[PDB]
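Everything on this sheet refers to the single structure shown next.
To find a chain, count down the sequence lines: A is the first, B the second, and so on, and within it residues start at 1. Whatever order the structure lists ligands and atoms in, that order sets their numbers, starting from 1. Side-chain atoms are counted along with the backbone in the values below, which use heavy atoms only and exclude waters and symmetry mates.
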Amino acid sequence: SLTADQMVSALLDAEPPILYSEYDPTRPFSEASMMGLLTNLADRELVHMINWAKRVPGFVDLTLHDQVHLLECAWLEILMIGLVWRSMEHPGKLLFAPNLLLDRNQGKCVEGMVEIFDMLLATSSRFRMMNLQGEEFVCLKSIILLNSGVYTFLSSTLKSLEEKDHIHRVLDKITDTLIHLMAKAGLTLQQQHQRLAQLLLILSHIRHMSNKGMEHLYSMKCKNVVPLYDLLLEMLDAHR
Amino acid sequence: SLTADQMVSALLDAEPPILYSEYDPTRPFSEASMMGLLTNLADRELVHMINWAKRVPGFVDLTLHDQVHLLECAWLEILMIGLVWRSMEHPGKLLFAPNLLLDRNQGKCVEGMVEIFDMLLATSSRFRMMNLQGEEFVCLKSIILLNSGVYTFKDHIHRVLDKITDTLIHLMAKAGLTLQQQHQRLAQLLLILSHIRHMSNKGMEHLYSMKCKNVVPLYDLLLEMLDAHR
Amino acid sequence: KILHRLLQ
Amino acid sequence: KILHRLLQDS
Ligand SMILES: C[C@]12CC[C@H]3[C@@H](CC=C4C[C@@H](O)CC[C@@]43C)[C@@H]1CC[C@@H]2O
Ligand SMILES: C[C@]12CC[C@H]3[C@@H](CC=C4C[C@@H](O)CC[C@@]43C)[C@@H]1CC[C@@H]2O
């Protein structure tokens with residue numbers, strides 16, 4: 001129902017805030033102290049994401065069981081692309097919070113984690129190279145919410161999404177919205193399909209990062225490294 | 001140096017064959033018997049994919065270390081999209097081989113296999129719903145080979161990826177699709193690549209878990225590809 | 001069923 | 001090692 005510019009303004013209006021971490025954590029970072037700060041932040045961000053998802057145009061039209069399936073499928077992708085976005089203007093650093101600017105070497109405090117640090121930093125380095133605009137970013141974040149669970153059969157449920165036809169209709173609108181934004185940037189027709197392709201190809205790498213980060217967080221819970229808050233626990237448990 | 005038509009012609013000429021499975025398998029499928037059939041077929045297809053990659057325009061011009069990385073990150077995505085392609089005209093069944101037609105019920109014999117089966121069947125049905133053409137399929141496979149590992153090593157691979165994007169757009173334009181239809185269909189194809197990447201991730205963990213149950217036979221090449229993700 | 005509740 | 005040899009093959 002909304003126009004292309006109405007689509008962008010609505011997505012910009014629903015943007016979640018940038019939360020903070022603890023103002024005086026353990027000064028020498030440890031494996032448990034690091035994972036505690038990250039899981040505490042993610043659990044607080046998840047509450048703001050649920051309210052943001054309800055404002056994504058077309059999300060409220062789905063049934064309740066279709067709404068949950070899309071959120072358990074893409075909650076880590078959305079949190080990761082949000083971190084990559086605010087880490088754009090910080091080369092070699094990840095802006096987890098304004099008071100938690102972590103570098104690549106500091107990611108080695110958690111075992112098997114720097115591999116994901118490098119993948120997130122490479123994603124941020126590419127957005128910087130293509131000069132990603134904020135209107136393009138909110139578009140890609142909404143694509144992740146609607147597309148990451150359309151064909152996905154979660155192991156904890158063995159079922160997928162029902163309203164397939166409705167999701168692809170909204171996804172076509174965001175595709176037009178993306179192309180519309182590339183035109184306002186003065187890009188040519190050829191430059192439009194190429195940039196649209198490069199943007200959606202990074203969504204594959206973000207999907208890969210979420211699966212690698214999901215297995216890592218599961219091992220951290222099984223190793224008693226960090227307790228998981230009930231909401232973050234339920235989001236992770238939806239994949240096992 | 002190749003135009004759009006020359007790129008499609010080269011990709012179609014280099015297509016790997018469809019291999020066969022065992023002609024007299026264990027009639028009651030077991031988790032071990034089923035895992036042995038799929039792993040034996042994957043190990044034979046890997047030799048064919050290595051040779052298919054060398055004929056992908058621009059792949060030979062990479063360094064030998066770069067060629068290994070791209071094949072290590074995308075070998076399962078390539079094997080899966082090939083299975084999804086040949087299973088299009090068989091609803092509810094996955095055509096692993098012309099003599100191996102399995103549904104989701106037969107996948108219940110392997111622990112944790114049914115969800116991967118359902119995800120593969122869902123991709124095949126979507127390919128059927130979009131009326132995917134063989135010319136578009138070979139372009140998507142070349143994109144997977146070059147894109148899956150670019151963000152784990154860069155400039156040369158992005159230029160080849162842009163040419164395949166130009167090639168896909170040229171195919172839809174020559175098929176009578178309007179410009180709006182062109183970016184809409186291009187986005188629908190590239191979004192499926194995100195699900196194929198997700199399927200290879202889940203399948204990689206399953207093969208790893210089946211090796212702990214000692215179900216994977218000693219297929220050295222397949223174990224080498226799987227070892228690259230451990 | 002926390003996300004199940006916060007959505008409603 | 002095997003993928004290494006099969007790539008430089010003729
Ligand atoms: C899930 C991990 C902890 C939480 C991390 C994730 C990487 C990126 C982000 C986004 C940020 O907004 C919150 C933490 C969050 C969600 C990490 C990857 C490995 C580790 O287990
Ligand atoms: C890798 C698995 C065995 C091999 C299977 C894969 C699903 C799809 C394919 C493609 C087909 O061409 C060969 C077998 C292959 C590669 C399976 C998913 C779970 C199991 O571990």
ask   = Is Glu77(B) salt-bridged to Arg197(B), cutoff N-O under 4.0 Å?
value = yes
query = Are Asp13(A) and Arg55(A) close enough for a salt bridge, meaning some N to O gap below 4.0 Å?
reply = no
request  = Any chance you could lay out the salt bridge (charged side-chain N to carboxylate O under 4.0 Å, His left out) test for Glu45(B) and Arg86(B), step after step, and finish with the verdict?
outcome  = CA-CA 14 Å; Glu45(B) 286 186 280; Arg86(B) 55 192 184 251; 3.8 Å; yes
key: Main-chain N/O of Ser87(B) paired with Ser124(B) side-chain donor or acceptor, under 3.5 Å   = yes
ask   = What part of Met220(A) sits under 4.0 Å from ligand 1 if we count only heavy atoms: the side chain, the backbone, both or neither?
value = neither
remark   = Among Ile116(B), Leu46(B), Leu41(B), the residue with a heavy atom nearest to atom 18 (C) of ligand 2 is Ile116(B)
task = Have a look at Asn40(A), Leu100(A), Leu79(A) and point out the one with the heavy atom closest to atom 10 (C) of ligand 1.
result = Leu79(A)
message = Please tell me whether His195(B) and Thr123(B) have a donor and an acceptor in their side chains that are separated by less than 3.5 angstrom.
response = yes
ask   = Going by atom types only, do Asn40(A) and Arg44(A) share a side-chain donor-acceptor pair under 3.5 Å?
value = yes
request  = Flag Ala42(B) as yes when one of its N or O atoms lies below 3.5 Å from any N or O atom of ligand 2, and as no otherwise.
outcome  = no
request  = Please indicate whether any nitrogen or oxygen in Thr39(B) is less than 3.5 Å from any nitrogen or oxygen in ligand 2.
outcome  = no
request  = Under 4.0 Å, heavy atoms only, figure out whether ligand 2 is touched by the backbone of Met204(B), its side chain, both or neither.
outcome  = neither
query = Is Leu83(B) touching ligand 2 with its side chain, its backbone, both, or neither, if touching means heavy atoms under 4.0 Å apart?
reply = side chain
Identify, by atom number and element, the atoms of ligand 1 in contact range of [X], meaning under 4.0 Å from any of its heavy atoms.
X	result
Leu217(A)	1 (C), 21 (O)
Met80(A)	7 (C), 8 (C)
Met35(A)	20 (C), 21 (O)

inquiry  = Could you tell me if the side chain of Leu203(A) sits less than 4.5 Å from the side chain of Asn147(A), heavy atoms only?
reply    = no
inquiry  = Taking the side chain as everything from C-beta on, heavy atoms only, tell me whether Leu70(B) gets closer than 4.5 Å to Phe153(B).
reply    = yes
note = Within 4.0 Å of some non-hydrogen atom of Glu45(B), the atoms of ligand 2 are 11 (C), 12 (O), 13 (C)
query = With a cut-off of 4.0 Å, which atoms of ligand 2 are near a heavy atom of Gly203(B)?
reply = 21 (O)
query = When you look at CE of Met129(B), are more than 12 heavy atoms from neighbouring residues, nucleotides or ligands closer to it than 6.0 Å?
reply = no
contact_flag [X] ligand 1 heavy-atom lt 4.0 Å:
X	value
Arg86(A)	yes
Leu76(A)	yes
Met209(A)	no

inquiry  = Could you work out, with salt bridge (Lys or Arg N to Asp or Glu O under 4.0 Å) as the rule, every residue matching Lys141(A), not counting sequence neighbours?
reply    = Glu15(A)
